[PDB]
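J.: First the structure, then my questions, so here it is.
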């Protein structure tokens, strides 16, 4: 039980890192869209990838 508690407390740091990368990718994608079509699509793919990793971390934490 102690080891599991440590594992989730550390899985919070990955949730935090991918929060950071998601913010950066979302900024890039929205900047591309506001101004480009292909770059916007690719950047949205990256945004979805980071958010997917976040959702994975959230399910594991849950």
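In my numbering, the protein residues as written are 966 to 1027.
Virtual Cβ for every residue (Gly too), placed ideally from N, Cα, C.
Please state if the CB of residue 1015 and the CB of residue 975 are separated by a distance shorter than 8 angstroms.
T.: Not in contact: residue 975 and residue 1015 (Cβ atoms no closer than 8 angstroms).
J.: If you draw a straight line from the C-alpha of residue 1017 to the C-alpha of residue 988, how long is it?
T.: Looking at the two C-alpha atoms, the distance is approximately 13 angstroms.
J.: Starting from residue 1011 and walking both ways along the alpha helix (DSSP H), at which residues does that stretch end?
T.: From DSSP, the alpha helix (DSSP H) with residue 1011 extends over 1002 to 1026.
J.: Since residue 971 is in the alpha helix (DSSP H), which residue starts that stretch and which ends it?
T.: First-last of the alpha helix (DSSP H) with residue 971: 967 to 999.
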